[PDB]
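1. just the first chains of my complex for now:
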Amino acid sequence: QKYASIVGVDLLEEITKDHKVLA
């Protein structure tokens, strides 16, 4: 974690709709 800090590494519902449109 000192090393990493120095080098800079890190460690469906379109049918229910279409019906309700008709209604």
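-> Looks like it came in fine. Residues are numbered from 1 along each chain as shown, chains lettered A, B, ... in the order given.
2. how many neighbours does residue A:22 have?
-> Per other CB atoms under 10 Å, the neighbour tally for residue A:22 reads 6. C-beta here means a position set from N, CA and C on the backbone, and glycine is covered the same way.
3. likewise for residue A:8?
-> Residue A:8: 6 neighbours (other CB under 10 Å).
4. any idea how far it is from residue A:15?
-> 51 Å (CB to CB, to the nearest Å).
5. what of residue A:22?
-> Noted for residue A:22: a distance of 11 Å to residue A:15, by CB to CB.
6. can you check residue A:6 too?
-> Counting by CB to CB - residue A:6 and residue A:15 are separated by 57 Å.
7. put chain B on too:
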Amino acid sequence: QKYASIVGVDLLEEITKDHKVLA
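-> Putting chain B together with the chains above:
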């Protein structure tokens, strides 16, 4: 792969329908 070659081994939408039928 020589051995294998000698011995012969190897190495949903029936609801959207039913509505459109009604319509």
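8. now that chain B has been added, could you go back to the neighbour count of residue A:22?
-> Residue A:22 has 8 neighbours, counted by other CB atoms under 10 Å in any protein chain shown.
9. so who does it touch?
-> By CB atoms under 8 Å, 6 or more residues apart in numbering or on different chains, the contact list for residue A:22 reads residue B:23.
10. if we go to 6 Å?
-> Contacts for residue A:22 (CB atoms under 6 Å, 6 or more residues apart in numbering or on different chains) come out as none.
11. how many residues are close by residue A:1?
-> By other CB under 10 Å, 5 other residues sit near residue A:1.
12. skipping adjacent residues, who's closest to it in space?
-> Once flanking residues are discounted, residue A:1 sits nearest to residue A:11: 7.2 Å by CB to CB, 6 or more residues apart in numbering or on different chains.
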